[PDB]
Amino acid sequence: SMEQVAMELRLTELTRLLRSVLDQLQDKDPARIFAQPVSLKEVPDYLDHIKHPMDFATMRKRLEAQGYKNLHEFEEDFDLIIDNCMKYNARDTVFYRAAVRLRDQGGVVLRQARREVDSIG
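Just so we're aligned: 101 in the deposited numbering is position 80 of the sequence shown, and the numbers increase by one with no gaps anywhere.
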(Lines of atoms letter the chains of each structure in order from A; the text may use other names.)
(Lines give C-alpha, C1' and ligand atoms only; values in the text may rest on other atoms or scores of the structure.)
Protein backbone atom coordinates (compact mmCIF):
# COMPACT_ATOMS: atom_id res chain seq x y z
CA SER A 22 0.00 0.00 0.00
CA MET A 23 0.87 3.62 -0.40
CA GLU A 24 0.15 4.13 3.34
CA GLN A 25 2.72 1.39 4.38
CA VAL A 26 5.32 3.18 2.24
CA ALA A 27 4.57 6.67 3.76
CA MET A 28 4.88 5.02 7.20
CA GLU A 29 8.21 3.45 6.14
CA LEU A 30 9.42 6.90 4.94
CA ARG A 31 8.54 8.41 8.44
CA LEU A 32 10.39 5.57 10.22
CA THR A 33 13.37 6.09 7.96
CA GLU A 34 13.44 9.76 8.72
CA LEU A 35 12.99 9.08 12.50
CA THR A 36 15.94 6.69 12.19
CA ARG A 37 17.85 9.42 10.47
CA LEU A 38 17.06 11.90 13.27
CA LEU A 39 17.91 9.34 16.01
CA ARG A 40 21.18 8.52 14.29
CA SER A 41 22.28 12.18 14.61
CA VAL A 42 21.02 12.23 18.28
CA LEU A 43 23.03 9.06 18.96
CA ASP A 44 26.18 10.63 17.48
CA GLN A 45 25.77 13.74 19.55
CA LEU A 46 25.22 11.68 22.76
CA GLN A 47 28.19 9.47 22.11
CA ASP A 48 30.48 12.56 21.63
CA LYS A 49 29.67 13.33 25.27
CA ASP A 50 31.53 10.07 26.18
CA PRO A 51 35.01 10.88 24.83
CA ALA A 52 36.61 8.21 27.00
CA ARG A 53 34.39 5.52 25.31
CA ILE A 54 33.34 4.08 28.66
CA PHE A 55 29.82 3.32 27.25
CA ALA A 56 30.89 2.41 23.67
CA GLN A 57 30.62 -1.36 23.99
CA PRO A 58 28.88 -3.91 26.23
CA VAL A 59 30.37 -4.64 29.62
CA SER A 60 32.54 -7.75 28.94
CA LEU A 61 31.21 -10.93 30.60
CA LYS A 62 34.65 -12.52 30.20
CA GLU A 63 36.08 -9.59 32.27
CA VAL A 64 33.09 -9.00 34.65
CA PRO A 65 31.70 -12.54 34.89
CA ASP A 66 29.10 -11.68 37.62
CA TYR A 67 27.72 -8.61 35.78
CA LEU A 68 24.33 -10.12 34.96
CA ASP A 69 23.76 -10.99 38.65
CA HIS A 70 23.83 -7.18 39.14
CA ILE A 71 22.43 -5.68 35.99
CA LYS A 72 19.46 -7.36 34.39
CA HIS A 73 19.16 -5.24 31.27
CA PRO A 74 22.64 -4.25 30.03
CA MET A 75 22.96 -1.57 27.42
CA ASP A 76 25.68 0.37 25.55
CA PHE A 77 26.10 2.56 22.48
CA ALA A 78 27.08 -0.26 20.04
CA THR A 79 23.95 -2.25 20.99
CA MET A 80 21.79 0.89 20.49
CA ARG A 81 23.37 1.45 17.12
CA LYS A 82 22.49 -2.14 16.01
CA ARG A 83 18.89 -1.57 16.98
CA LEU A 84 18.83 1.84 15.33
CA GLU A 85 20.08 0.55 11.96
CA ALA A 86 17.54 -2.23 12.10
CA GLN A 87 14.97 0.68 12.45
CA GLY A 88 14.15 -0.96 15.73
CA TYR A 89 13.25 2.31 17.51
CA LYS A 90 9.55 3.21 16.88
CA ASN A 91 9.65 6.55 18.72
CA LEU A 92 12.07 8.74 20.75
CA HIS A 93 10.68 7.34 24.07
CA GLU A 94 12.10 3.85 23.25
CA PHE A 95 15.46 5.38 22.32
CA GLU A 96 15.58 7.35 25.57
CA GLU A 97 14.75 4.26 27.52
CA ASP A 98 17.95 2.62 26.17
CA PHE A 99 20.06 5.71 26.81
CA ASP A 100 18.80 5.90 30.33
CA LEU A 101 19.73 2.19 30.86
CA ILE A 102 23.36 2.97 30.01
CA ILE A 103 23.46 5.67 32.68
CA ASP A 104 21.35 4.00 35.34
CA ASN A 105 23.12 0.60 35.07
CA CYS A 106 26.48 2.33 35.50
CA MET A 107 25.38 4.35 38.52
CA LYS A 108 24.20 1.19 40.26
CA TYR A 109 27.12 -1.16 39.45
CA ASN A 110 29.83 1.45 40.11
CA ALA A 111 30.33 3.37 43.31
CA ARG A 112 30.05 7.14 43.44
CA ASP A 113 33.82 7.68 43.74
CA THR A 114 34.76 5.95 40.44
CA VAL A 115 35.64 7.24 37.05
CA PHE A 116 32.75 5.14 35.64
CA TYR A 117 30.01 6.67 37.87
CA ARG A 118 31.39 10.16 37.26
CA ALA A 119 31.37 9.55 33.51
CA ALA A 120 27.70 8.53 33.64
CA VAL A 121 26.75 11.66 35.54
CA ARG A 122 28.51 13.87 32.94
CA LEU A 123 26.79 11.98 30.07
CA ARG A 124 23.41 12.35 31.67
CA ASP A 125 23.89 16.09 32.28
CA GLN A 126 25.32 16.81 28.82
CA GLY A 127 22.88 14.55 26.98
CA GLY A 128 19.83 16.29 28.57
CA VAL A 129 20.38 19.32 26.32
CA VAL A 130 20.50 17.11 23.19
CA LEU A 131 17.44 15.08 24.20
CA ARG A 132 15.51 18.25 25.10
CA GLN A 133 15.80 19.50 21.52
CA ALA A 134 15.23 16.12 19.84
CA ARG A 135 11.86 15.90 21.68
CA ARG A 136 10.87 19.28 20.21
CA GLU A 137 12.10 18.19 16.63
CA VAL A 138 10.13 14.92 16.79
CA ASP A 139 6.95 16.69 18.01
CA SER A 140 7.53 19.47 15.43
CA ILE A 141 8.32 17.31 12.33
CA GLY A 142 5.76 14.64 13.47
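For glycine and all other residues, C-beta sits at the position ideal for the given N, C-alpha and C.
Nearest C-alpha to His70 among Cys106, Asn91, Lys90: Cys106.
Between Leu84 and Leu39, the CB-CB gap stays under 9 Å.
Residues of the same chain with a CB within less than 8 Å of the CB of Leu61, apart from the 5 flanking positions on each side, are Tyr67, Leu68 in chain order. In this structure, the alpha-carbon of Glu96 lies about 27 Å from that of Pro65.
Linking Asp125 to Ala27 through their CA atoms gives a straight-line distance of about 36 Å. Taking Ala111 as the centre and dropping the five residues before and after it, the same chain places the C-beta of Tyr117 closer than 8 Å to its C-beta, in chain order.
Counting C-beta atoms within 10 angstroms of its own C-beta, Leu30 has fewer than 16 neighbours from the protein chains shown and is therefore classed as exposed. In the displayed model, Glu63 falls within coil according to three-state DSSP, outside both helix and strand. In this structure, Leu35 lies near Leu92, with their beta-carbon atoms less than 9 Å apart.
Under the 10 Å beta carbon count, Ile103 is surrounded by 16 or more other beta carbons and is classified as buried.
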